[PDB]
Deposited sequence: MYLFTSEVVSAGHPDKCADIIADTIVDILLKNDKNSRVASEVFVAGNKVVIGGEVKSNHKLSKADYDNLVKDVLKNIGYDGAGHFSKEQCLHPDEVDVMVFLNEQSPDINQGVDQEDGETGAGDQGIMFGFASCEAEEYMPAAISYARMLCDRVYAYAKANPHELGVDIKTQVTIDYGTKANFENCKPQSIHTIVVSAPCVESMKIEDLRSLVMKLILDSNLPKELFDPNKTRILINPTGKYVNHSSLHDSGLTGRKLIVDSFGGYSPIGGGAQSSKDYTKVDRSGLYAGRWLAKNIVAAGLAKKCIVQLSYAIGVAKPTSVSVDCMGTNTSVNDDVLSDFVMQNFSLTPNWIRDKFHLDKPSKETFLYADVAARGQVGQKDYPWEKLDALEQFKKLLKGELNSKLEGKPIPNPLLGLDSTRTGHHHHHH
């Protein structure tokens, strides 16, 4: 036995509410001024939504703009005030007060040493590692049910998956053996007994399309609302703050991590651009067949736009070329300057027909087929290495 675990939380989780609100602001500003510099932090303290930070933009937001945006975000997440949950059980949009400390300033005239990582692996869907992939599948399925059935389930949902790899050697070779344990936490209406809640999410677990080679219900340990009573949920009972789900939003502990949060920020911060470029490179490398998994590490220096270096680590799973040759290829064939990355993924141009930052905030920064930094448009260039 050799175990590894990852977690995911839904868009209804308080920290995600804060992330989705913050990146709704980013989207609005960028839609109207592409060169907006945004650092918009959100603290959902119960029924108090506190928006702070700083924005340099030509687009300005009124108090009503903030009120509308918060209510529309909460509604789309699932906090629509239908009243299946009492307003003391669950956040009700009417009870919210929005408090704005956000500082607006004019754009600067003509508007770091560090590292960022990306990662990819062949273990599971969209080249993501196993534990977080399967935790995401379960969460997505329970959240989707809760939205369709607010009379039964609430939208503040967490999941956790433990994978048994058997031996460390299988972990190194990307060879998961079984899903060992599944944890699901989902709130339900006051009138639903715990036995009936467990029966429901058990059905949802089986309908989450988990691979049968890994998942046997009879041999898997399943823990559903283990404390036995979970009705009260949302930011009312657990504070939410922006940038507090770094690992559920990325690689679930399978990769080292540097820098800081994506949400709250525009594309000019390497916390965004470096993660997206790093992930894009890693995904295309594994998708090309050069490795079973790899970690891509961008390094930046003061006074250079181009990264001082980019290093590829295939963690011993190389098929064709060693890590030195691969790193050299990457540095020589991709500029990877902030502006090149911006233009490569169109990061200054979020739109409903491409990607939205509020959408990525809700679904994960990495690991969804439709994002631009998840496109396999470098595959032909990498295939030249074999």
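Take the full deposited sequence, match it to the modelled residues, and report the stretches without C-alphas.
-> Sequence ranges with no C-alpha atoms are 112-123, 399-430.
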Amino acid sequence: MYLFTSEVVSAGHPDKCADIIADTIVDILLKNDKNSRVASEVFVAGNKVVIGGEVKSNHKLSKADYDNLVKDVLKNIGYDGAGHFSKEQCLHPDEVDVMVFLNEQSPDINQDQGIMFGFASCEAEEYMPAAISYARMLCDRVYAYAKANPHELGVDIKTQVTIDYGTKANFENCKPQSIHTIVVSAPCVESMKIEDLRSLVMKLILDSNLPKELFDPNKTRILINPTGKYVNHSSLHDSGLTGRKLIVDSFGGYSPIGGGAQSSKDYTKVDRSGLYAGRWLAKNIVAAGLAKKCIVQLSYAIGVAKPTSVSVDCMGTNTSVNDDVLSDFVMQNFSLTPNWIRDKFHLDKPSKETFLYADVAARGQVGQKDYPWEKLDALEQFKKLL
From here on, numbers count along this sequence of modelled residues.
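Select between 302-310 and 172-180 the stretch whose C-alpha atoms have the higher average B-factor in the entry.
-> Mean C-alpha B-factor is greater for 302-310.
Could you check the entry and say whether 276-284 or 94-102 has the higher mean CA B-factor?
-> Averaging CA B-factors over each stretch, the winner is 94-102.
When you compare the CA B-factors of 133, 262, 225, 121 as listed in the entry, which one comes out on top?
-> So the option with the highest C-alpha B-factor is 225.
Top residue by Cα temperature factor, when 243, 253, 129, 217 are compared in the entry | Comparing C-alpha B-factors across 243, 253, 129, 217, the maximum falls on 217.
Would you check the entry's CA temperature factor for residue 29 and let me know if it's in the chain's lowest, middle or highest third?
-> Middle third - that is where residue 29 ends up once the chain's C-alpha B-factors are sorted.
Name the third of the chain's ranked CA B-factors that contains residue 187, choosing lowest, middle or highest.
-> Its C-alpha B-factor, which the entry lists for residue 187, ranks in the middle third among residues of this chain.
C-alpha B factor of residue 212, ranked within the chain: lowest, middle or highest third?
-> CA B-factor rank for residue 212: highest third.
For residue 75, the third of its chain into which the C-alpha B factor falls | According to the entry, residue 75 has a C-alpha B-factor in the chain's middle third.
For residue 143, return the chain-relative third of its C-alpha B-factor as stated in the PDB record: lowest, middle or highest.
-> Middle third of the chain for residue 143's C-alpha B-factor.
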